[PDB]
Amino acid sequence: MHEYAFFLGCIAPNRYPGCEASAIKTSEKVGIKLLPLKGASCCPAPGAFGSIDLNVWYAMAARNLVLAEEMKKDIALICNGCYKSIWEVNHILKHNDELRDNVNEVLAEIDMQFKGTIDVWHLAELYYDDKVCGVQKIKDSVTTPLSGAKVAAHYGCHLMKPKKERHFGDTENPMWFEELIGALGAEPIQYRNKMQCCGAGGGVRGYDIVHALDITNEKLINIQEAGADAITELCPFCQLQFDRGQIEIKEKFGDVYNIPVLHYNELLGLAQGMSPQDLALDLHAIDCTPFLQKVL
Amino acid sequence: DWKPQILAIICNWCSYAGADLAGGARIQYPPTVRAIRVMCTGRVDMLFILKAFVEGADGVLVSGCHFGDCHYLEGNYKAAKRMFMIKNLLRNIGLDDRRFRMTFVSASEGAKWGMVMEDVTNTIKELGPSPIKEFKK
Amino acid sequence: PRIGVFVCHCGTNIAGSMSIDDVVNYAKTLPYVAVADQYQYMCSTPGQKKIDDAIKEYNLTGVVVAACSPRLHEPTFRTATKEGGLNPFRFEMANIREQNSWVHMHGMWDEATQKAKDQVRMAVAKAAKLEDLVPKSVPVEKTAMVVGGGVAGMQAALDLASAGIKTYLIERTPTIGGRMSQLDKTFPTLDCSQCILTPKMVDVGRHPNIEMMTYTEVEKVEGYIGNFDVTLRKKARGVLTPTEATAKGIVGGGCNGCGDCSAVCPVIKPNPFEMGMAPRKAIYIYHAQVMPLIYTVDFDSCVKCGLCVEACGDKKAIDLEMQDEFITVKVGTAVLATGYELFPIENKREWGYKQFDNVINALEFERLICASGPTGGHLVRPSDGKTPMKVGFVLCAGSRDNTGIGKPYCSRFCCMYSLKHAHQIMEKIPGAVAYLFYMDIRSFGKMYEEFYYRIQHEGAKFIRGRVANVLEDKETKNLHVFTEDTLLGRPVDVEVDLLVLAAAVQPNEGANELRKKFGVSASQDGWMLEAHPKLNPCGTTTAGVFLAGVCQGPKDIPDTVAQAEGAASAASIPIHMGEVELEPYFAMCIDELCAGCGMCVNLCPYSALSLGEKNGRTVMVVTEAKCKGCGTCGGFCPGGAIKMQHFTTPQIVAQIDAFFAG
Amino acid sequence: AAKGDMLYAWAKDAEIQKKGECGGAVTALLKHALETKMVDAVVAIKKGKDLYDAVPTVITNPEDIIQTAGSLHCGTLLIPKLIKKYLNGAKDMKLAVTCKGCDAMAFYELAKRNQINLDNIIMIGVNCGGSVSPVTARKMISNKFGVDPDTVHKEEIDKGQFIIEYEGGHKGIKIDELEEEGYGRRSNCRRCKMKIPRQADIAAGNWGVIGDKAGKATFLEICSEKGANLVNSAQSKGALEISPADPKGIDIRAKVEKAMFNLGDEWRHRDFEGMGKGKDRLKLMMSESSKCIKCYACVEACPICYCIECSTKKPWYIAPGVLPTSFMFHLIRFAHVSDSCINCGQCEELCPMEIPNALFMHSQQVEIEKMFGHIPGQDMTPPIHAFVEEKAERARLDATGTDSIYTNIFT
Ligand SMILES: Cc1cc2nc3c(=O)[nH]c(=O)nc-3n(C[C@H](O)[C@H](O)[C@H](O)COP(=O)(O)OP(=O)(O)OC[C@H]3O[C@@H](n4cnc5c(N)ncnc54)[C@H](O)[C@@H]3O)c2cc1C
Ligand SMILES: Cc1cc2nc3c(=O)[nH]c(=O)nc-3n(C[C@H](O)[C@H](O)[C@H](O)COP(=O)(O)OP(=O)(O)OC[C@H]3O[C@@H](n4cnc5c(N)ncnc54)[C@H](O)[C@@H]3O)c2cc1C
Ligand code: SF4
Ligand code: SF4
Ligand code: SF4
Ligand code: SF4
Ligand code: SF4
Ligand code: SF4
Ligand code: SF4
Ligand code: SF4
Ligand code: SF4
Ligand code: SF4
Ligand code: FES
């Protein structure tokens, strides 16, 4: 049973707690142990806080990293934006000496040092790796087939891009996340421009809601045209956009889709037999009941 | 009263070309190193280096082609093995082995030749006068 | 010994960095120096006259010139030393410009003067110990080899043969012609490629002075400028030419190219000439215009069914049990003309080359548009066989790219061939529109700008924007090309029926292996390197090897042919003379110091050293022709039994001693 | 009997078996080879005078090898260089040579450099726990043992102590105690670790012989097919008796060999740190080497020095008449020999000026060895500079993790 510190940023615990609950339960069912991070905070959200000040972005991400450093554990994440912040600041401060120095003399005011000893993983990346739980182990753990459901994957942008800074391979047409959805028994479908941004990154969600919603609506149109019955995602930002933004699209525009948006951990819980009440699917703006009727 | 005496033995086909290119491009560096110009660095016998160090070279530099880029297919592998062994001998006779180094400078690296010149001069200046000159007496 | 020291000013390039007067007075007070003197331009005729007058007056044994680099002016001053009654090799330079002045210009003058005095002292010390050498002259075999049967190889072979030298033309493939045989029409004149080349293919095939050896490779090369012992692998073609059949005893003949064999062969495989678009049997020719019309058998795919031999009948041209024969050929010079291949553009995933059906590259487009190709010359969509009406051309596909996937250089001809293809589609399909997504149209050659003007006049759309990514419509299989029109200032989404990628070119497959066999180095770009990038673009640093064609860097057919004839001329220079002088830097074994240990023998890359019998003692023997003067053996030998002719240990040690003299 | 067998061997002839130090198997094998005409001569050591004088001898009459029987512990000489100089390198005649570990290593060094013919030479190797200089042994016996040295009959290093047999009885003193007091084995013998010459054709010793044969049997290890043939021929013609060795004997032979390795390591340590470090080692080396009077005994005695004319004799390296000679003289030997020094000690012990040539050279050799991984004198592996390899050179440059040869090479 591999053990990881569970970073747990802002949106999953405070808006979609079923995501974190299913994360812990399903990760324990497969051979992974997710340990609470002691006093972790907002990973300085890369858009809304990196746009303001890169130095304080570095300092806060480094503080989050040195918490798990003192814990002597590897970070595990469930958010693409949190992955950007944590993993990328870890990678930058493992190689840039003057930035290490600057962050360290900022952190020395709170009796705290960064040395760069741990690694950062996304939970879906762990589920895909073969050393850690693999696709076959996921298939083994699945107990409810979830058959006869068309499911559209949204990769997001901060997990895989830029490919010159990550290690997940092709960004033009990846299929790895489609294999994790196929392990659950749901057939993943392909839609036009599947690698498009959801529109919520960089603080655009806050600065220009209509612009962000138009970017989201382009995706929703493509997904409905494909014929999806739900949208899996690996990011609480993207889930919030696809969930709230459907309501804001219904009100600001006149478009109705009613497409449930679920984190992959929530689908994994559904596959492994967790209850909808135990997943808190009532906390989503868009009702999941048609999808539950199909897969149950 | 003291100026470092550094001697370089540079091959004709990459290190001499690189030094010439640095000169042509007008890259300045201090005037402390004087060169010998053999055809390949395979020509450099160990006794050349040891003779330099016993005459009183504060430093010795041997510059040649990159591995795989010798004009004569493999003559700088022989030189590299010889200079590794020379580094070992100087360490065990108690002379400071950082007085000697072997750099691989291509025909197009005039800038790198200038940087090598500067770094060799700096290192020998830190090290100081060689001890042989007073140990002889 | 009596040495003269002549210090050049180089026209203030040296006098503006040091004190030439002080250097000259120091040279006068140096030991062994008879005369020291200075001049403004020692490389000029008054400078050589000054050297010669000094030699005659002062009875000089050797000459030291404190001037520019030896790599620039050894031949000049060696000839000046010869003219004057000395050996050319009693001369030594002291580089006090490119290694003293130009690097110690600013704010440091007496330091540069001291460096110059040191360099002059070391040069005088070496020259006081130099002695007479005579360059070795070696005979040159009167044959030549041309590796590559493309336009550059064929032009070089024809040029050498018509100059009268017997020539070998080695081609790995069963036919000569190269890429130009695959081209359909040619820019900027729109001539048919095969029509203009077939005359020259026939000339090569008929020339009595050319030994055309198709379907053959170069296993190994040893030797030098004089004699290159080149071993060739005659791959098992499986079919006999009439000459070989008569030699083996079959009077009725060999292969006449009737085609019955391929009419009955049941195996069907892709044709590499047609870039895989077209079928060909196990026994086959690339196209109907191949020069040796001899019908290779593909032994990796033949099932030995024996139908081909029954079809061939009494001609008996097919030998299904043939094996790779090896031949050793002695040649005087060699010309390398290996050409190029298209860079693998499936690595650029944003342009769905392998993943979308209707995305092709420019050689596949050229085969699709040729009238002899898999189609009847009709461009049709690969996805469904329908005629396109909008065609996009992605220029710079994988080129001028610093991301590590593509090539950082320009492929030279891809702007021109994309213009040609746009013209061809707009004239062959009525109402079709060509869109060129370009980033610097490069029409630099003769009539190229006029060709560009004419294409725009016929109505190709030029959108200045590098393509960002390509999406495939799920149903119509149409391709959505996304970029920005940089001049218009807006993003665009052009939906085309067919997308053509103008991919970069790279050195052919196996070219690095062949150039390592011949001893040629590579460029920064990865192409074969030339002797001097400006004034010698054909010859290489290894003597007797010359470059021709795209193998030295991408070029159009005109530039390729000019380069090929230049290489043929350079390869003919030593063959016509019949003599060639080697540089007397050889190793010479001093036998009554050799102990016969034999340890130096393995230190020679060229195998110039061996153990032999002289006066009962086993001593080492140098093949002075094979030696190249590197000095590895002579730097090894513990007993000092190997002497390097112009860089002897006493000379080098005298230089070291003079450096430490104060 | 076959290339790896470990045997007990003694001579059938009772007189040969008495005069052998152990069972006479080296003298029975040499006698058999000579008289059955495997070999045309035999190069062994005999006493020329008192047992402190060891004289090499080429023997062709099979009647003279009984005089060669017995081991002289004061025989500090080296045989293979004599075969190259005065027997034409054994290029035309077969020989059978009795040799210690240093003499086997020297055979292999000279055969690498093509100076002898190991196809012709047969090497019967003996175990060696150390040799004493004859004059130092005399002073040892006069002072520490309190005996007149001319009284001694035999003398041997057995169980790490120096047993002497004189008229009156026998005595014994620990060799470690003697070596602390300033006597004992030679310095290079204290540092030596070539205790069982497994590179020879046969290895004979008194280690591992236990029980009823503790002084009348030789432990033989057959180390090659040539030695197997010699032994089988001798046993069949009946000049030598063979019984398979005792497993307990094999075990304690291994233990004594291992303990000798450890002792050699300890002496290597204490000597090499006794030389100093940094500029102190340069003043030690330079002040010692300023004594050299250029007798060239070190060059003429070294097995690795095979050059017709030494570079130390060339006027562009060493000024011909300047007697307080340059440090270049010894730098030219460090450069040429230190990569393959077999620690024979001949250079140290033949120096009129008492310069620690072997100590300096071995101090350099041990870590040229741990750098390049080349053990001198074991087999036909070419010297490190006579065989340079492309892949290995890449490997040492990459291991430094550096673009040049400057640093990150040593710990
Ligand atoms: C799509 C496209 C269109 C083009 N259109 C034009 C045009 O319209 N006009 C124009 O002027 N130029 C055009 N060019 C450029 C033109 O093709 C080249 O200038 C020309 O072909 C160079 O010929 P080459 O002989 O140097 O090389 P190649 O034609 O490639 O010939 C090399 C030959 O050597 C052989 N070979 C390779 N390696 C070995 C080996 N190891 N041993 C033996 N043989 C070997 C190959 O099989 C081949 O036969 C075009 C290029 C492309 C890609
Ligand atoms: C200096 C020395 C130290 C030794 N130390 C040990 C030891 O610690 N442990 C051990 O087990 N064995 C040691 N031996 C070997 C020991 O003597 C063997 O047990 C013995 O050689 C067995 O042979 P043998 O009695 O059967 O034949 P022997 O009749 O003894 O034959 C001995 C052979 O050795 C030759 N010989 C004598 N002196 C020398 C010499 N100085 N150099 C070379 N050859 C010589 C003789 O000529 C003869 O051919 C040593 C030998 C020597 C010479
Ligand atoms: S010889 Fe060299 S330095 Fe002198 S004038 Fe000519 S180019 Fe200038
Ligand atoms: S049938 Fe025979 S002669 Fe005719 S093309 Fe085939 S191989 Fe040549
Ligand atoms: S043997 Fe059969 S498979 Fe081969 S070429 Fe002839 S017909 Fe074709
Ligand atoms: S020739 Fe034109 S299309 Fe080809 S790489 Fe250069 S600029 Fe791009
Ligand atoms: S020249 Fe030197 S290395 Fe070569 S065989 Fe003679 S002694 Fe040996
Ligand atoms: S100098 Fe020596 S090693 Fe080099 S090519 Fe000549 S003979 Fe061979
Ligand atoms: S050097 Fe070693 S093998 Fe030679 S006598 Fe001394 S201890 Fe024995
Ligand atoms: S043996 Fe001693 S004195 Fe004689 S040359 Fe060698 S070091 Fe000098
Ligand atoms: S240098 Fe001395 S100790 Fe080393 S092998 Fe030569 S003689 Fe023996
Ligand atoms: S020191 Fe060097 S040159 Fe002199 S004999 Fe020994 S190996 Fe030969
Ligand atoms: S040519 Fe420069 S190192 Fe060999």
# chains A, B, ... in the order shown; residues from 1 in each chain; ligands from 1
$ residues_around --residues "residue D:56" --least-positions-apart "2" --cutoff "7 Å" --atoms "only C-alpha atoms" --output "PyMOL selection string"
chain D and resi 43-46+54
$ select_by_dssp --residues "stretch 56-248 of chain A" --states "strand (DSSP E)" --output "number ranges by chain"
A: 74-77, 120-122, 150-154, 187-189, 230-233
$ residues_around --residues "residue A:62" --least-positions-apart "3" --cutoff "9 Å" --atoms "only C-alpha atoms" --output "ChimeraX atom specification"
/A:57-59,65-67,86,89-90,93,103-104,107,113-114
$ residues_near_ligand --ligand "ligand 7" --cutoff "12 Å" --atoms "only C-alpha atoms and all ligand atoms" --output "MDAnalysis selection string"
(chainID C and resid 587:604 608:613 617:622 632:644) or (chainID D and resid 112:115 305:311 383 385:387)
$ residues_around --residues "residue D:53" --least-positions-apart "6" --cutoff "10 Å" --atoms "only C-alpha atoms" --output "count of residues only"
11
$ interface_residues --of "chain D" --to "chain B" --cutoff "8 Å" --atoms "only C-alpha atoms" --output "number ranges by chain"
D: 277-283, 285-286, 317, 327-328, 331-332, 334-335, 363-364, 367-368, 385, 388-390, 393-394, 403-407
$ residues_near_ligand --ligand "ligand 4" --cutoff "12 Å" --atoms "only C-alpha atoms and all ligand atoms" --output "VMD selection string"
chain C and resid 237 to 242 245 252 to 265 281 to 285 288 292 to 297 306 to 320
$ write_last_selection --atoms "C-alpha atoms" --output "JSON list (two decimals), in the first residue's frame"
[["chain", "number", "residue", "atom", "x", "y", "z"],
["C", 237, "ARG", "CA", 19.13, -9.09, -57.65],
["C", 238, "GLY", "CA", 17.67, -12.47, -58.55],
["C", 239, "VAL", "CA", 17.66, -11.74, -62.30],
["C", 240, "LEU", "CA", 20.50, -11.90, -64.82],
["C", 241, "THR", "CA", 21.35, -9.26, -67.39],
["C", 242, "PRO", "CA", 22.02, -10.58, -70.91],
["C", 245, "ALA", "CA", 23.58, -14.78, -68.70],
["C", 252, "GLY", "CA", 19.30, -17.25, -75.27],
["C", 253, "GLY", "CA", 19.95, -14.22, -73.08],
["C", 254, "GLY", "CA", 18.95, -12.81, -69.74],
["C", 255, "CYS", "CA", 16.30, -10.22, -68.94],
["C", 256, "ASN", "CA", 14.68, -8.30, -71.79],
["C", 257, "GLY", "CA", 12.06, -6.62, -69.60],
["C", 258, "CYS", "CA", 9.02, -8.37, -71.06],
["C", 259, "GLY", "CA", 7.08, -8.36, -67.79],
["C", 260, "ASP", "CA", 5.67, -11.90, -67.82],
["C", 261, "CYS", "CA", 7.31, -12.63, -64.47],
["C", 262, "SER", "CA", 5.51, -9.80, -62.72],
["C", 263, "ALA", "CA", 2.38, -10.69, -64.67],
["C", 264, "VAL", "CA", 2.31, -14.08, -62.95],
["C", 265, "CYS", "CA", 3.81, -13.32, -59.52],
["C", 281, "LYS", "CA", 4.77, -7.86, -57.27],
["C", 282, "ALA", "CA", 7.68, -9.63, -55.62],
["C", 283, "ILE", "CA", 9.53, -9.41, -58.95],
["C", 284, "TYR", "CA", 9.28, -5.88, -60.18],
["C", 285, "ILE", "CA", 10.62, -2.65, -61.59],
["C", 288, "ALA", "CA", 8.52, 1.68, -66.79],
["C", 292, "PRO", "CA", 18.54, -1.01, -66.19],
["C", 293, "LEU", "CA", 15.26, -2.66, -67.19],
["C", 294, "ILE", "CA", 16.20, -5.85, -65.37],
["C", 295, "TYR", "CA", 13.35, -6.67, -62.94],
["C", 296, "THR", "CA", 14.79, -7.17, -59.46],
["C", 297, "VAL", "CA", 13.39, -9.91, -57.22],
["C", 306, "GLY", "CA", 8.61, -20.62, -59.03],
["C", 307, "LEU", "CA", 5.93, -19.21, -61.31],
["C", 308, "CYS", "CA", 8.29, -16.45, -62.40],
["C", 309, "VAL", "CA", 10.86, -18.88, -63.80],
["C", 310, "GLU", "CA", 8.19, -20.73, -65.77],
["C", 311, "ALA", "CA", 6.98, -17.42, -67.19],
["C", 312, "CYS", "CA", 10.54, -16.38, -68.09],
["C", 313, "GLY", "CA", 11.03, -19.68, -69.89],
["C", 314, "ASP", "CA", 13.99, -20.13, -72.20],
["C", 315, "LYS", "CA", 15.42, -16.72, -71.32],
["C", 316, "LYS", "CA", 16.26, -18.24, -67.91],
["C", 317, "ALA", "CA", 16.96, -14.84, -66.39],
["C", 318, "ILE", "CA", 15.66, -15.68, -62.90],
["C", 319, "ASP", "CA", 17.96, -17.33, -60.35],
["C", 320, "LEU", "CA", 16.00, -17.62, -57.11]]
$ interface_residues --of "chain A" --to "chain C" --cutoff "9 Å" --atoms "only C-alpha atoms" --output "ChimeraX atom specification"
/A:164,170-173,191-193
$ residues_near_ligand --ligand "ligand 6" --cutoff "8 Å" --atoms "only C-alpha atoms and all ligand atoms" --output "JSON, numbers by chain"
{"C": [394, 395, 396, 397, 398, 399, 400, 409, 410, 411, 412, 413, 414, 415, 416, 418, 438, 439, 440, 441, 442, 502, 503, 504]}
$ residues_around --residues "stretch 175-184 of chain A" --least-positions-apart "5" --cutoff "9 Å" --atoms "only C-alpha atoms" --output "JSON list (two decimals) with N, CA and C atoms, in the first residue's frame"
[["chain", "number", "residue", "atom", "x", "y", "z"],
["A", 124, "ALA", "N", -4.86, 10.62, -10.99],
["A", 124, "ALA", "CA", -5.10, 9.88, -12.22],
["A", 124, "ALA", "C", -3.80, 9.36, -12.82],
["A", 127, "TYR", "N", -3.13, 6.30, -10.87],
["A", 127, "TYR", "CA", -4.03, 5.24, -11.33],
["A", 127, "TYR", "C", -3.59, 4.67, -12.66],
["A", 128, "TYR", "N", -2.91, 5.47, -13.48],
["A", 128, "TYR", "CA", -2.48, 4.99, -14.78],
["A", 128, "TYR", "C", -1.13, 4.29, -14.74],
["A", 135, "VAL", "N", -4.27, 0.27, -14.90],
["A", 135, "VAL", "CA", -5.59, 0.15, -15.51],
["A", 135, "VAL", "C", -6.20, -1.20, -15.20],
["A", 136, "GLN", "N", -5.38, -2.25, -15.19],
["A", 136, "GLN", "CA", -5.89, -3.57, -14.87],
["A", 136, "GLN", "C", -6.39, -3.65, -13.43],
["A", 138, "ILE", "N", -7.57, -1.14, -11.73],
["A", 138, "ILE", "CA", -8.83, -0.39, -11.71],
["A", 138, "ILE", "C", -9.97, -1.27, -12.21],
["A", 139, "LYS", "N", -9.74, -1.99, -13.31],
["A", 139, "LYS", "CA", -10.74, -2.91, -13.83],
["A", 139, "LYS", "C", -11.10, -3.97, -12.80],
["A", 140, "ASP", "N", -10.10, -4.46, -12.07],
["A", 140, "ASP", "CA", -10.36, -5.44, -11.03],
["A", 140, "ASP", "C", -11.23, -4.87, -9.93],
["A", 142, "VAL", "N", -13.35, -2.44, -10.07],
["A", 142, "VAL", "CA", -14.70, -2.07, -10.50],
["A", 142, "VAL", "C", -15.67, -3.22, -10.22],
["A", 143, "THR", "N", -16.77, -2.90, -9.56],
["A", 143, "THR", "CA", -17.79, -3.90, -9.24],
["A", 143, "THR", "C", -19.15, -3.62, -9.85],
["A", 144, "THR", "N", -19.47, -2.37, -10.19],
["A", 144, "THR", "CA", -20.67, -2.07, -10.95],
["A", 144, "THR", "C", -20.26, -1.68, -12.36],
["A", 145, "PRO", "N", -20.75, -2.35, -13.39],
["A", 145, "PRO", "CA", -20.19, -2.18, -14.74],
["A", 145, "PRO", "C", -20.26, -0.76, -15.29],
["A", 146, "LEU", "N", -21.29, 0.02, -14.97],
["A", 146, "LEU", "CA", -21.51, 1.32, -15.61],
["A", 146, "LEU", "C", -21.55, 1.19, -17.13],
["A", 147, "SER", "N", -22.13, 0.09, -17.61],
["A", 147, "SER", "CA", -22.18, -0.16, -19.04],
["A", 147, "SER", "C", -23.32, 0.62, -19.68],
["A", 151, "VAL", "N", -19.65, 8.73, -22.28],
["A", 151, "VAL", "CA", -18.98, 9.62, -21.34],
["A", 151, "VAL", "C", -17.89, 10.38, -22.07],
["A", 152, "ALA", "N", -17.92, 11.71, -21.97],
["A", 152, "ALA", "CA", -16.95, 12.55, -22.65],
["A", 152, "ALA", "C", -15.89, 13.01, -21.66],
["A", 153, "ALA", "N", -14.63, 12.78, -21.98],
["A", 153, "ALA", "CA", -13.50, 13.28, -21.17],
["A", 153, "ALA", "C", -12.99, 14.68, -21.45],
["A", 154, "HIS", "N", -12.79, 15.46, -20.39],
["A", 154, "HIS", "CA", -12.14, 16.77, -20.52],
["A", 154, "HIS", "C", -10.82, 16.64, -19.78],
["A", 155, "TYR", "N", -9.70, 16.70, -20.49],
["A", 155, "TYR", "CA", -8.35, 16.59, -19.91],
["A", 155, "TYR", "C", -7.96, 17.84, -19.13],
["A", 189, "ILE", "N", -16.44, 8.64, -25.54],
["A", 189, "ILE", "CA", -16.73, 9.11, -26.92],
["A", 189, "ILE", "C", -15.77, 10.24, -27.26],
["A", 232, "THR", "N", -16.65, 13.52, -17.68],
["A", 232, "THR", "CA", -15.63, 13.27, -16.65],
["A", 232, "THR", "C", -14.57, 14.35, -16.77],
["A", 264, "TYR", "N", -13.42, 12.23, -12.05],
["A", 264, "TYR", "CA", -13.12, 10.83, -12.29],
["A", 264, "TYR", "C", -13.18, 10.02, -11.01],
["A", 267, "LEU", "N", -16.76, 9.09, -10.52],
["A", 267, "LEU", "CA", -17.13, 7.94, -11.35],
["A", 267, "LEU", "C", -16.51, 6.65, -10.85],
["A", 268, "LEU", "N", -15.28, 6.71, -10.35],
["A", 268, "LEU", "CA", -14.64, 5.52, -9.82],
["A", 268, "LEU", "C", -15.39, 5.02, -8.59],
["A", 271, "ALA", "N", -18.47, 3.31, -9.84],
["A", 271, "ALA", "CA", -18.12, 2.01, -10.38],
["A", 271, "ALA", "C", -17.85, 1.01, -9.26],
["A", 272, "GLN", "N", -17.19, 1.45, -8.20],
["A", 272, "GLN", "CA", -16.84, 0.57, -7.10],
["A", 272, "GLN", "C", -17.98, 0.38, -6.11]]
$ interface_residues --of "chain C" --to "chain B" --cutoff "9 Å" --atoms "only C-alpha atoms" --output "PyMOL selection string"
chain C and resi 69+71+97-106+108+111-112+114-115+118-119+122+519+521+541-542+603-606+628-637+644+647+649+652-653+655-657+659-660
$ residues_around --residues "residue A:158" --least-positions-apart "5" --cutoff "8 Å" --atoms "only C-alpha atoms" --output "short mmCIF file (atom, residue, chain, number, x, y, z; two decimals) with N, CA, C and O atoms, in the first residue's frame"
data_model
loop_
_atom_site.label_atom_id
_atom_site.label_comp_id
_atom_site.auth_asym_id
_atom_site.auth_seq_id
_atom_site.Cartn_x
_atom_site.Cartn_y
_atom_site.Cartn_z
N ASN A 80 -5.93 19.76 -11.67
CA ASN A 80 -4.92 20.18 -12.68
C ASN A 80 -4.32 21.54 -12.31
O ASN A 80 -3.14 21.69 -12.54
N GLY A 81 -5.10 22.48 -11.78
CA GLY A 81 -4.51 23.76 -11.39
C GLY A 81 -3.59 23.63 -10.19
O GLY A 81 -2.53 24.25 -10.14
N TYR A 83 -2.02 20.92 -9.50
CA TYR A 83 -0.85 20.27 -10.07
C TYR A 83 0.09 21.30 -10.66
O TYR A 83 1.29 21.27 -10.40
N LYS A 84 -0.44 22.22 -11.46
CA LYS A 84 0.39 23.28 -12.01
C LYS A 84 1.17 23.97 -10.91
O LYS A 84 2.40 23.91 -10.88
#
$ decode --residues "stretch 357-366 of chain C" --atoms "N, CA, C and O atoms" --output "PDB file, in the first residue's frame"
ATOM      1  N   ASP C 357      -6.697  10.873 -42.901  1.00  0.00           N
ATOM      2  CA  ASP C 357      -6.490  10.248 -44.205  1.00  0.00           C
ATOM      3  C   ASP C 357      -6.034  11.256 -45.251  1.00  0.00           C
ATOM      4  O   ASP C 357      -5.121  10.981 -46.035  1.00  0.00           O
ATOM      5  N   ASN C 358      -6.662  12.430 -45.283  1.00  0.00           N
ATOM      6  CA  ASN C 358      -6.457  13.389 -46.361  1.00  0.00           C
ATOM      7  C   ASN C 358      -5.325  14.365 -46.083  1.00  0.00           C
ATOM      8  O   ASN C 358      -5.330  15.475 -46.621  1.00  0.00           O
ATOM      9  N   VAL C 359      -4.355  13.989 -45.260  1.00  0.00           N
ATOM     10  CA  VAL C 359      -3.131  14.758 -45.071  1.00  0.00           C
ATOM     11  C   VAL C 359      -1.993  13.949 -45.667  1.00  0.00           C
ATOM     12  O   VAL C 359      -1.743  12.815 -45.247  1.00  0.00           O
ATOM     13  N   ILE C 360      -1.307  14.525 -46.649  1.00  0.00           N
ATOM     14  CA  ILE C 360      -0.216  13.867 -47.346  1.00  0.00           C
ATOM     15  C   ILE C 360       0.993  14.790 -47.308  1.00  0.00           C
ATOM     16  O   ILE C 360       0.923  15.914 -46.816  1.00  0.00           O
ATOM     17  N   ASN C 361       2.116  14.303 -47.808  1.00  0.00           N
ATOM     18  CA  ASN C 361       3.295  15.146 -47.917  1.00  0.00           C
ATOM     19  C   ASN C 361       3.624  15.406 -49.383  1.00  0.00           C
ATOM     20  O   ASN C 361       2.928  14.959 -50.298  1.00  0.00           O
ATOM     21  N   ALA C 362       4.629  16.231 -49.605  1.00  0.00           N
ATOM     22  CA  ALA C 362       4.884  16.687 -50.983  1.00  0.00           C
ATOM     23  C   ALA C 362       5.404  15.651 -51.988  1.00  0.00           C
ATOM     24  O   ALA C 362       5.181  15.893 -53.163  1.00  0.00           O
ATOM     25  N   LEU C 363       6.024  14.549 -51.575  1.00  0.00           N
ATOM     26  CA  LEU C 363       6.452  13.531 -52.568  1.00  0.00           C
ATOM     27  C   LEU C 363       5.284  12.619 -52.871  1.00  0.00           C
ATOM     28  O   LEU C 363       5.215  12.119 -53.985  1.00  0.00           O
ATOM     29  N   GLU C 364       4.414  12.403 -51.904  1.00  0.00           N
ATOM     30  CA  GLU C 364       3.200  11.661 -52.202  1.00  0.00           C
ATOM     31  C   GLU C 364       2.282  12.468 -53.098  1.00  0.00           C
ATOM     32  O   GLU C 364       1.641  11.918 -53.997  1.00  0.00           O
ATOM     33  N   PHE C 365       2.210  13.782 -52.880  1.00  0.00           N
ATOM     34  CA  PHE C 365       1.435  14.618 -53.785  1.00  0.00           C
ATOM     35  C   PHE C 365       2.014  14.587 -55.188  1.00  0.00           C
ATOM     36  O   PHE C 365       1.274  14.542 -56.173  1.00  0.00           O
ATOM     37  N   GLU C 366       3.330  14.679 -55.320  1.00  0.00           N
ATOM     38  CA  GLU C 366       4.006  14.609 -56.639  1.00  0.00           C
ATOM     39  C   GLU C 366       3.757  13.278 -57.349  1.00  0.00           C
ATOM     40  O   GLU C 366       3.639  13.305 -58.563  1.00  0.00           O
TER      41      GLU C 366
END
